[PDB]
Amino acid sequence: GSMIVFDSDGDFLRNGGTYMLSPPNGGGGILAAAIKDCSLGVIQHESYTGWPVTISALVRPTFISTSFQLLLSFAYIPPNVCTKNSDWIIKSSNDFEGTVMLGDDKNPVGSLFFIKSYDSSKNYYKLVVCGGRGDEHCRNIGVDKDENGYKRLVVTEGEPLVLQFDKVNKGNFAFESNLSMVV
């Protein structure tokens, strides 16, 4: 059901806007870690505020609807030897149906996501990815641990990563320790 997404303040989510992903049920912020040349995988991690995400629809209205296919990119990544790009993309895995990675130097356009309602009462949302014609074989984005202890954002039919979208706090974000890659 097509409805407009709200940020944590109750304002309409803006197309092309940048928001801090804020899981209401704990676990920490969203950022990336190197997966060994090397590629960056999107992770959740305690004691990290995380990096803001820029959210853009394929059409140009001012506000985002749950029915819109979306491109997601980190508004910040640290200098690194893995990739120049920050677009979220889905890649296969020997451990999951898929995981959320960042595009390498040759794939600057990422995968298509939807923001779907999780709890209408509290304005909680989740991310889903679909295939085929655009809305087929849909899967949740959840969180799960890989062999090396990273809480990876994964494609799954299991319980999703629950989210709110916070307007960017310029303090919590710019903290130098928050801006370094997770090792």
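In whole Hz, with x marking every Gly and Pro, tabulate ³J(HN,Hα) for the stretch 77-82 from phi via Karplus 6.51 cos²θ - 1.76 cosθ + 1.60, θ = phi - 60°.
Result, ordered by residue: 9, x, x, 7, 9, 8 Hz.
Please report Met181, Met101, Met3 as a ranked list, fewest other C-beta atoms within 10 angstrom at the top and most at the bottom.
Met3, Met181, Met101
Run the helix sum for the chain: -39,500 (n - 2.57) per DSSP H stretch of 4+ residues, divided by residue count, reported at 222 nm to the nearest 500 deg cm²/dmol.
One gets -500 deg cm²/dmol as the mean residue ellipticity at 222 nm.
Which of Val182, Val128 has the fewest other C-beta atoms within 10 Å, and how do the rest follow up to the most?
Fewest-to-most ranking of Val182, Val128: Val182, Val128.
Give the cross-link partners of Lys91 among the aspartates and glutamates, using a straight C-alpha distance below 13 Å as the criterion and excluding same-chain residues fewer than 8 apart.
Leaving aside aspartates and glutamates fewer than 8 places away in the same chain, those within reach of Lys91 are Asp104.
Among the listed pairs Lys84/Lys151; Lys116/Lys151; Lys84/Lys106, give every one whose C-alpha distance is greater than 18 Å.
Violating the 18 Å limit, Cα to Cα: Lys84/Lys151; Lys116/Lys151.
Enumerate the amide H contacts of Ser67 below 5 Å, restricted to partners 5 or more residues apart or on another chain; note that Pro and chain-start residues carry no placed amide H.
Hits under the 5 Å cutoff: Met3.
Report, by chain and number, residues whose modeled amide H sits under 5 Å from the one on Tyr118, excluding near sequence neighbours (fewer than 5 apart, same chain).
The answer is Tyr124, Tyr125, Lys126.
Give the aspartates and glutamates whose C-alpha is closer than 16 Å to that of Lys145, dropping any in the same chain fewer than 8 places away, or say none.
Partners found: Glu46, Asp95, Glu97, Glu157, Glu159.
Could you give the C-alpha radius of gyration of the chain expressed as a fraction of 2.2 N^0.38 Å, taking N as the number of residues it contains?
0.96
Counting only residues 5 or more places away or on other chains, whose amide H sits under 5 Å from the amide H of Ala32 once H atoms are built in the peptide plane?
The answer is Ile43, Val182.
Kindly write out, for the stretch 50-58 in residue order, the coupling ³J(HN,Hα) from the Karplus curve 6.51 cos²θ - 1.76 cosθ + 1.60 (θ = phi - 60°), rounded to whole Hz, with x marking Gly and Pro.
Each residue of the stretch 50-58 in turn: x, 10, x, 10, 8, 10, 9, 8, 7 Hz.
Output wanted: per-residue J couplings in Hz (rounded whole) for the stretch 65-72, from phi through Karplus 6.51 cos²θ - 1.76 cosθ + 1.60, θ = phi - 60°, x for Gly and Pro.
9, 5, 8, 8, 5, 10, 9, 10
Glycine also receives a Cβ, built like all others from the backbone with ideal geometry; neighbour counts cover every protein chain displayed. Bear in mind these aren't lab numbers, they're just calculated from the coordinates by the rules spelled out.
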